[PDB]
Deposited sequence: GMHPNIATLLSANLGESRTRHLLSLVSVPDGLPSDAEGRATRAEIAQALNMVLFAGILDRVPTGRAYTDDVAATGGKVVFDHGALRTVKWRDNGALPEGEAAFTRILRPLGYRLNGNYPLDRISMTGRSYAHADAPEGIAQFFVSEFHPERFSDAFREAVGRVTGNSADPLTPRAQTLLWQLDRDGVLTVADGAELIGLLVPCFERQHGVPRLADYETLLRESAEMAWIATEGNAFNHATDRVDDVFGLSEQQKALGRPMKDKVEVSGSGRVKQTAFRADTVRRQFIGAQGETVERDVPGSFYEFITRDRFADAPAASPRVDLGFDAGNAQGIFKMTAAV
């Protein structure tokens, strides 16, 4: 249960102390490809990036931090199952590629492949899952959703463009340089891999500026999901922890007085079962009617649990 390459990649991004905690908390899958010269493989880099991003979720999802503090305290483990993020599929997106392209251009050269297509018509989104080709069951998946403004009001679609139309592109030239070297060789030096992770982490964040309170509210009247995107951008919506039994765990967490949701979502097949803590509220800035900065408390992100039956493990996100 030690992984020197992953530990080094983590340490360069998180520092020793935070890395120590993270390595004792989050399982590293066994069997990741290694390089004979001690370089960092794409699998190692992908796993380390995921762990850095997970640590970033914990920093802003206090209910998750509570849960995982107990895990560390009692010697258990987190199995990082997947992070889910949202994107806006709309041409007025500033410098940011539209919808999921903002992230597939990153995940694909890291070694991910499309693993599932999940229409979410009720909420005007399309979801897609990405699994890592080198360890599809062990490395966390990415669930990337795209929001679709087309069917909404005129006012709403104008609001979308004002919010997103100034977005930055966080994927720098150096980031792209290292990404495509990695895709070519399957490895980078450990230093270059650590550097790549550092450059990729800021992509999983809000790329647009502070939105107008009025536009936030216009969005919120028609779509909770697009309102959330307006405040959080491409930051992880949730992280998910793969556990033996979500039913037992939910009951335990509720008995401790923690805010579990009541619904356990079960796929049609019965093999994939999900439940979560409610999202922790976060304080965010908005532009007021006279151009002033005002603040509001809005829903942030959440920590989720999943159980996946084995046939190999069912990696789907099927509807039910």
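J.: Numbering from 1, run down the deposited sequence and write out every stretch that has no C-alpha in the structure.
T.: According to the record, the gaps fall at 312 to 319, 329 to 340.
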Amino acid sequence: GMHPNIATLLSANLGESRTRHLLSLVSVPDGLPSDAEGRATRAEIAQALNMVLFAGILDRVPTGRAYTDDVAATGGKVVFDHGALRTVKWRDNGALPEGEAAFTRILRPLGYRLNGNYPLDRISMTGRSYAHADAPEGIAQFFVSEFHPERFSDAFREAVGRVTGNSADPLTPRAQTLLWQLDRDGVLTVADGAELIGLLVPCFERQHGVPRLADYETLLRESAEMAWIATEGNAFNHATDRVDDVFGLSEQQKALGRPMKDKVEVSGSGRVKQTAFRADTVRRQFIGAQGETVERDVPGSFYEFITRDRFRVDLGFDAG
From here on, numbers count along this sequence of modelled residues.
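J.: For the stretches 299 to 307 and 20 to 28, which has the higher mean C-alpha B-factor as given in the deposited record?
T.: The recorded data point to 20 to 28.
J.: Please work out which of 117 to 125 and 185 to 193 has the higher mean CA B-factor as recorded in the PDB entry.
T.: It is 117 to 125 that shows the higher mean C-alpha B-factor.
J.: Choose from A55, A48, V294, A40 the residue with the greatest Cα B-factor as stated in the PDB record.
T.: Comparing C-alpha B-factors across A55, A48, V294, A40, the maximum falls on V294.
J.: Out of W228, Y130, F247, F236, whose C-alpha atom has the biggest B factor in the entry?
T.: Among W228, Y130, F247, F236, the PDB entry lists the largest C-alpha B-factor for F247.
J.: Hey, what third does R278 fall into on Cα B-factor, ranked over its chain?
T.: Ranked within chain, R278 CA B lands in the middle tercile.
J.: Should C203 be placed in the lowest, middle or highest third of its chain by the C-alpha B factor in the entry?
T.: Lowest third.
J.: How does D169 rank on Cα B-factor within its chain, lowest, middle or highest third?
T.: Its C-alpha B-factor belongs to the lowest third of this chain's values.
J.: According to the PDB entry, is the CA B factor of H82 in the bottom, middle or top third of its chain, that is, lowest, middle or highest?
T.: Answer is middle: the recorded C-alpha B-factor places it there.
J.: Place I6 in the lowest, middle or highest third of its chain's C-alpha B-factors, as listed in the PDB entry.
T.: Lowest third of the chain for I6's C-alpha B-factor.
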